[PDB]
Amino acid sequence: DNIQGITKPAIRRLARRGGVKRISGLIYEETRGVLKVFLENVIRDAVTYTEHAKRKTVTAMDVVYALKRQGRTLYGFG
Amino acid sequence: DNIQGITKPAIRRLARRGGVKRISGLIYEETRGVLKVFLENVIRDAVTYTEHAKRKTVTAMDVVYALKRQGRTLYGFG
Amino acid sequence: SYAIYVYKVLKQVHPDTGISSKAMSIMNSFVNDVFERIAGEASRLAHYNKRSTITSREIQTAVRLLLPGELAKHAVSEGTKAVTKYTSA
Amino acid sequence: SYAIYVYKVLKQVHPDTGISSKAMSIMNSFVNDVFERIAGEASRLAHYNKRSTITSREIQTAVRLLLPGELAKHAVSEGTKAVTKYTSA
Amino acid sequence: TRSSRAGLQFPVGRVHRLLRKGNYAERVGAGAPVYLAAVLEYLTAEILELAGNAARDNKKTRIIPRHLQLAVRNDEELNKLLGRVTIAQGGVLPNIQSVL
Amino acid sequence: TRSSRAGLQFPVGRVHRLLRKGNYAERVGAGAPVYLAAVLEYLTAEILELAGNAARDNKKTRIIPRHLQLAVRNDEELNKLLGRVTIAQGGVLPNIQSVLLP
Amino acid sequence: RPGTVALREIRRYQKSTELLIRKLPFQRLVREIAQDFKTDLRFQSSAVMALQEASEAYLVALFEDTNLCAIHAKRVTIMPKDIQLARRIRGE
Amino acid sequence: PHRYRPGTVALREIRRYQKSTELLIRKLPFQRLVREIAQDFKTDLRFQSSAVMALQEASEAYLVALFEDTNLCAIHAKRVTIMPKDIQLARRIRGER
DNA sequence: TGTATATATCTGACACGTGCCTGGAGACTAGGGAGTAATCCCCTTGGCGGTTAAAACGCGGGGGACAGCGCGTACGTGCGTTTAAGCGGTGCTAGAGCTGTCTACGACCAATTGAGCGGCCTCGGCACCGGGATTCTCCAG
DNA sequence: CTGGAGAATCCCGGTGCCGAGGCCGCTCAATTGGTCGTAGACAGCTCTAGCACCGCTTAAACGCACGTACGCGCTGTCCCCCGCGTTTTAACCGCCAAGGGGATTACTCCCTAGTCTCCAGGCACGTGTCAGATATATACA
């Protein structure tokens, strides 16, 4: 139940950096939905790269390759 | 001023093609503006292709390469 | 030009249906498009595990990267079994 | 890596400024990222003129495609300056 | 053919020729264009099935890129495949909003 | 190195040797990657110069990736070049709109 | 009535596939702005019509995102601020 | 009765966590969520924890892309309120739906 | 006014059909790309075990998106008119393809060599921190 | 309302930690003295393609009446995110073994490019006829 482990007032603080005055309660769960979609895409293709490398231990270079291919390239991790 | 060759009734027919009922006069020159920005982009990088190619007749494969670069894939010309 | 194989498989599937030259160029540019999608992704994929030889496991892995779910299972099915029938010769 | 080169040019520009290793990996990763950006653009544009060889006109074309404006022309001035200075020797 | 080795129709040696002169690696295993041309022949098969059935069901006899337009826009997997892709001579699908 | 031969710092042999070892073309022209790495010391001077200036703007000596974050995002050409790509631990450009203010 | 026949016109231009704008002032506009870099290039006319193809395809896509804005802003009257949101999310 | 106004305090703390440079969520439920969702696909997965830290980083950065983008969407709709049509709209404009 | 339904001949487009040639395989080779046996160590897994900050939870508060109404407009339809785009017909005109052409340019071997690689002190920049100065401000006029 | 008690936050001055910075061999990665068939621009000019003048026309476009249909402002809502404070739970700090997995020893394997041919698969390069374009003739909302 760690999709609930990202807590509701933490999502409210994501509206604090997000700049929201009035927060509908449905936004939390749909945010967990898009979150679930985004994450399961990333680990899905990432574990596809992992199974090509004949591995059992997931490295960060997987999500380097995926987030490169997902157009959200991240730095500072090689 | 052949930007007026992009006629206001044609903008109306494309707006109906988008399903627009009440069309402000504000919309037409804004269409000329943002559309012409896309035009300046296309003539810019396209003339970078052709002038890079040192050729004097701009062919179709040039703007195939250009729209290809813009994330804008078009079929039926290759 | 890709009129040969698209048009012949078209004669294998839809006998009573016509085609324009425009859509035939759409087929040519389409196979060129996704062809270079796969060649690019696999070309990145081989270096990722320090390999320099383009074999089929990289390709089928790339299919597992690209196609979502159902048609990925169908593409792995008919394509992988097509490779198996290729190995039967 | 390229941390020492960013270190040297850093001390050419800002001698009185430190740097963190994490930001060093941020911008080293950025340098490598743009390195494959120009490598890919140089690859497709190398395919376009169908040459076996990429020169500074193709690379210059790639930068003048990607980089927005006069600062790119000053990069043409710096690159043409140092390379053209390096040429006849 | 090597398609006759495989039982298929896409050209193994010609797609493999595009692999050899597509300039991606120095030495290339020949097993990759078999699965490549196999998958492209399958994707080709369902997209031509949507083509001939889509244009044929609409009281039309020749496939026109209009029917490529509402053929792709009637599909979700092709929407996943051809999202940044524009079809020439296609127009749009008959898509009018309920507000319209 | 050929860099100091050309009045550069960025390595010619490593990068040009990667230009053979990257699977792009058959032949690798000599003047192209030195021109390229010269553009790299140009843009490196751009973002590093902005990084030193911004690191001084909070009166600090050592650069944190925050100053990279508002270094790129406050430049027109950098943020236009880097609207899609995210850096780690950089943070967010502070932006108050009219919806917060009365 | 102002619009039902126009809705049929919506079904016609959403049914038709060819272009709608006068092609010679369009071509002289292409050459006109094109004189910023070199005057009087040689063109395929169909290439110019293909710039019109992908260009107006981007336009119709902007009518769809602006259209969803008008759905979202509860209106049928598109505004330049609707184009501000649409271009803004597209990053323009 | 040490009270404040009902509303200004949230705006100031908005000014802080917009103005500042830190994450908002925990570490271990995220890490066990990496393990949790990841067990569904292949068994016996061993995880670099710094990869999990990087994925939490890119996660919340993508969340900044989310709430800032759909923030501007709700701003256009004459609202300070986020509605589900903001999310589904803006992600449809992204081409995601 | 828009729609549906047999009738008719004409067009050109794509299927068909002819002539030329090219494109990928068959066998053979060679040494090396890449799995593999072994296999080791250290590090990540999965827990213990003390700590405490997190977040949830309750109790209201006054004002947010929408709604009802309603004012007050900006434009779509129709219509006259002519007109420049369309058309089409031809005339004038040069631009990339083709053949060559002629030699430079990155492989190619090995030799060199010295810059960074791996690693180890280390200085003071900074990271909380005790405590104060100052501005902002929630609630009073 | 302007204008202050009290937090917000910057600041003024410790400290002490190890992070960046610098220090020390030592290569191994970059650099080059030399060969080696060659890849790409221009010479020359086309012929096709593409711009341009001549000359008639029309839904398109531009101009105009009108009567609308929609954008939004004023007031009203209650409930709902936030305010105050509270209470727990698992997050967090610090700790133990372990065998897995990545690396490291070459090992050891067959494979994947180079060459000539081949020769029919396949690609230049034309006609026709019929779905449809476009009428040709027919009944209804």
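Residue positions are given from 1 per chain in written sequence order; they need not agree with the entry numbering, and residues without coordinates are hidden. Key to labels: chains lettered from A, ligands numbered from 1, both in the order written. To obtain the side-chain values, all non-hydrogen atoms of the structure were used and water was disregarded.

For this structure, the PDB header gives the title as "Nucleosome breathing : Class 2".

Per the PDB entry, the recorded name for chain A is Histone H4, and the organism is Xenopus laevis. As its UniProt record puts it under Sequence similarities, chain A is described as follows: "Belongs to the histone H4 family." UniProt positions are given in the numbering used here, feature names are shortened, and annotations may be inferred rather than shown by experiment.

## Regarding the overall build of chain E
The helix count covers DSSP runs of H or I at least four residues long, the strand count covers runs of E at least two residues long, and both are numbered beginning at the N terminus. In terms of helices and strands, chain E carries five helices and two strands. Each helix (α) and strand (β) of chain E, taken in turn from the N terminus, gives the series α-α-α-β-α-α-β. Computed over C-alpha atoms, the radius of gyration of chain E comes to 18 Å, more than 25% over the 13 Å expected from 2.2 N^0.38 for 100 residues, which places it beyond the range of a compact globule. Counting over 100 residues, chain E shows a buried share of 45%. Throughout, a contact is declared for two residues whenever any of their heavy atoms are within 4.5 Å. Expressed as a percentage of contacts within chain E between residues at least 6 apart in sequence, the contacts between residues at least 24 apart total 29%. Using a 1.4 Å probe, accessible areas were evaluated by the Shrake-Rupley method; residue-level cover was limited to the displayed protein chains. Accessible surface, chain E as shown: approximately 5,300 Å² in total, 47% of it carbon and sulfur. For the radius of gyration, the atom set is restricted to C-alpha positions; the globular benchmark scales as 2.2 Å times the number of residues to the power 0.38. For each residue, the accessible area found with a 1.4 Å probe, counting protein chains only, is set against the maximum for its type, and the residue is called buried under 20%, exposed over 50%, and partly exposed in between.

## Some points on the pattern of salt bridges
Any two side chains of opposite charge can pair, given that their charged atoms come close. Throughout this description, the term salt bridge denotes a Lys or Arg side-chain nitrogen within 4 Å of a carboxyl oxygen of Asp or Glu. Tallied over the full model, the rule gives 25 salt bridges over all chains. Between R55 of chain B and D62 of chain B there is a salt bridge, and its shortest N-O distance comes to 3.4 Å. Residue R55 of chain B is classed as partly exposed on the basis of its relative accessible area, which comes to 36%. Two residues, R44 of chain C and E41 of chain C, come together in a salt bridge whose shortest N-O distance is 2.5 Å. Taken together, the positions of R44 of chain C and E41 of chain C, both in helix α2 (residues 21–48) and three residues apart, correspond to about one turn of that helix. With a relative accessible area of 33%, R44 of chain C lands in the partly exposed category. What you see here is one network of salt bridges that share partners, running through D45 and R69 of chain A together with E41 and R44 of chain C.

## Structural notes on the protein's contact with DNA strand J
Lining the immediate surroundings of DNA strand J are 64 residues, of which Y7 of chain D, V28 of chain E, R17 of chain F, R31 of chain G together with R32 of chain H lie closest. Sugar and phosphate atoms constitute 98% of the interface atoms of DNA strand J, taking the interface as everything within 4 Å of the protein. In protein, a polar contact means a hydrogen-donor-capable atom and an acceptor-capable atom, both N or O and within 3.5 Å, with residues adjacent in sequence counting only if both atoms are side-chain atoms; elsewhere, any N or O pair within 3.5 Å suffices. In the environment of DNA strand J, a phosphate oxygen lies 3.0 Å from a nitrogen or oxygen atom belonging to the side chain of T7 of chain B. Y5 of chain C places a side-chain nitrogen or oxygen 2.5 Å from a phosphate oxygen of DNA strand J. Ten residues, namely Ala, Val, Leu, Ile, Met, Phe, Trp, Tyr, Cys and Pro, are considered nonpolar, four, namely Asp, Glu, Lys and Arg, are considered charged, and the remaining ones, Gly among them, are considered polar. Of the residues assigned to the surface near DNA strand J, the class counts are 18 nonpolar, 18 polar and 28 charged. Residues are classed as near a molecule or strand on a simple rule: at least one heavy atom within 4 Å of it.

## Looking at unusual backbone geometry
Phi is positive for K50 of chain C, close to 65°, though the residue is something other than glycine. As for its placement among the helices and strands, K50 of chain C is situated in the loop between α2 and α3 (56–66). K50 of chain C sits in the exposed class, given a relative accessible area of 80%. Here the phi dihedral of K74 of chain G falls at roughly 65°; this positive angle occurs in a residue that is not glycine. Position of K74 of chain G among the secondary structure elements: in the loop between α3 (45–72) and β2 (77–78).

## Section: the interface of chain B and chain D
In this complex, chain B contributes 10 residues to the contact, which on the side of chain D involves nine residues. Buried surface area refers to the total accessible area, computed with a probe of radius 1.4 Å, that the two partners give up upon joining, counted for both partners together. For the pair chain B and chain D, the two sides together bury roughly 880 Å², of which 61% comes from carbon and sulfur. At the junction of chain B with chain D, the criterion picks out zero salt bridges. Here chain B is connected to chain D by three residue pairs in polar contact. Elements with a minimum of two residues in the side of chain B that touches chain D: α2 (26–53) and α3 (60–69) of chain B. Take the side of chain B that touches chain D: its biggest share by element is six residues, from α2 of chain B. Residues of the side of chain B that touches chain D, tallied by class, amount to three nonpolar, two polar and five charged.

## Brief notes about the packing of aromatic side chains
Working definition: rings of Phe, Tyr and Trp (its six-membered ring) pair if their centres are within 6.5 Å, and the pair is stacked with planes under 30 degrees apart, edge-to-face with planes over 60 apart, and tilted otherwise. Overall, the coordinates contain 12 aromatic pairs over all chains when judged by the stated rule. Ring geometry for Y49 of chain A against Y65 of chain A: centres 6.0 Å apart, planes inclined by 65°, an arrangement best described as edge-to-face. You can see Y49 of chain A sitting in helix α2 (residues 26–52) and its partner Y65 of chain A sitting in helix α3 (residues 61–69), a full 16 residues away along the chain. For the pair formed by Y49 of chain A and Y65 of chain A, the shared burial category is buried. Relative to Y48 of chain C, the ring of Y65 of chain A has its centre 3.5 Å away and its plane inclined at 5°; by these criteria the two rings are stacked. Residue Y65 of chain A is located in helix α3, and its partner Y48 of chain C is located in helix α2; the two belong to separate chains. The residues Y65 of chain A and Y48 of chain C share a single accessibility class, namely buried. One aromatic cluster is present, built from ring pairs that chain together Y49 and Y65 of chain A together with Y48 of chain C. The aromatic ring of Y5 of chain C is capped on one face by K8 of chain C, whose charged end is 5.9 Å from the ring centroid. Remark: a charge is flagged as sitting over a ring if the NZ atom of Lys or the CZ atom of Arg is within 6 Å of the ring centre and within 35 degrees of the ring normal.

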